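The block underneath contains the structure these notes are about, expressed in structure tokens.
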2 protein chains.
Amino acid sequence: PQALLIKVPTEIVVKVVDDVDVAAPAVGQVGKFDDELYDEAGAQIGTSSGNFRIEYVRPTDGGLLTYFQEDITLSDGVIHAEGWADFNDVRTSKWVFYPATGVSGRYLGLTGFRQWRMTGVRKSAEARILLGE
Amino acid sequence: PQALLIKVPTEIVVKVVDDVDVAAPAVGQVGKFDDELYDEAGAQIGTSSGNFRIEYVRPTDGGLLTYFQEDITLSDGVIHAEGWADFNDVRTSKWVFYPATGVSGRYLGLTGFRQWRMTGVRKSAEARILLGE
């Protein structure tokens with residue numbers, strides 16, 4: 001279109017394999033995730049599969065700067081997303097984001113941002129994908 | 001509309017005061033800028049005023065991670081934007097981005113991202129603002 005916002009009020013982590021030290025996350029820890037994405041009516045709209053690696057400690061604030069990559073498969077196309085987030089935000093239920101690129105279907109040509117936040121709820125996040133032409 | 005894309009084909013730097021070493025930008029350097037934003041027909045659509053500070057070197061790529069803060073005044077509202085960008089990308093004409101928050105007028109309550117790229121033409125850039133409800 002010109003601009004598209006996909007709201008993902010619930011994103012469930014259906015599989016996570018990682019070596020992240022709970023409470024004490026550190027450089028070199030990695031994770032793989034498979035998620036299911038649901039719209040405002042509770043209908044599954046897609047899945048995502050991605051991974052991450054904690055890469056470095058940001059000296060300004062002690063952030064654990066982590067590099068995420070994922071492919072988000074929706075019913076009418078696929079969106080790649082990758083970039084940086086502070087794992088200290090991840091684990092304190094603060095929003096993180098990184099660039100997103102539509103790679104097929106409806107989303108080809110569109111670019112923007114993938115955003116998500118882990119919520120109070122076990123293995124659950126909320127997310128948003130904002131794209132434009 | 002639940003999402004909006006504002007395309008800014010030309011953004012001109014009208015005033016800049018900095019101590020950025022053009023040959024070897026470095027940590028601790030700062031700048032202040034004032035810009036003019038133009039639409040596809042060459043009409044001024046707004047201004048931006050902001051500042052930056054080069055904060056640290058990222059080990060993964062030697063990036064000069066820089067913190068930007070600005071207020072973008074458009075004819076129908078104001079958008080705040082701030083966050084991280086690699087000054088090595090700024091100086092090589094690659095896109096940078098950081099979160100944006102509408103703070104008045106048409107943009108009140110909207111949130112998204114500010115994006116810009118120096119074109120390699122004398123202190124001109126191109127930009128995008130992508131916002132969602």
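In the structure tokens, the first chain shown is A, the next is B, and so on; residue numbers restart at 1 for each chain, and ligands run from 1 in the order shown.
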Give one line per residue of chain A that approaches chain B to at most 8 Å, naming the two atoms of the closest pair and their distance in Å to one decimal, counting only C-alpha atoms; sort by chain then ascending residue number and deliver it as a tab-separated table.
```
residue	atom	partner	partner_atom	distance
A:2	CA	B:5	CA	6.5
A:3	CA	B:4	CA	5.5
A:4	CA	B:3	CA	5.7
A:5	CA	B:3	CA	5.6
A:55	CA	B:60	CA	7.6
A:56	CA	B:59	CA	7.3
A:58	CA	B:58	CA	7.8
A:59	CA	B:56	CA	7.3
A:60	CA	B:55	CA	7.5
A:112	CA	B:130	CA	7.5
A:113	CA	B:113	CA	7.9
A:130	CA	B:132	CA	7.0
A:131	CA	B:130	CA	7.5
A:132	CA	B:5	CA	6.2
```
Subject >> Shell around residue 19 of chain A at 9 Å using only C-alpha atoms, local window under 2 positions removed, as an NGL selection string >> reply: :A and (17 or 21-22 or 29-31)
Subject >> Residues flagged strand (DSSP E) by DSSP in segment 15-128 of chain B, as a PyMOL selection string >> reply: chain B and resi 15-18+30-38+44-57+64-74+77-86+96-102+111-118+124-128
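Going from atom CA of residue 91 of chain B over to atom CA of residue 9 of chain B, you cover 18.4 Å.
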**OP:** Name the residues in contact with segment 39-53 of chain A at a cut-off of 10 Å, using only C-alpha atoms, excluding same-chain residues fewer than 5 positions from it; report them as a PyMOL selection string.
**Re:** chain A and resi 6-18+20+26-34+64-85+87
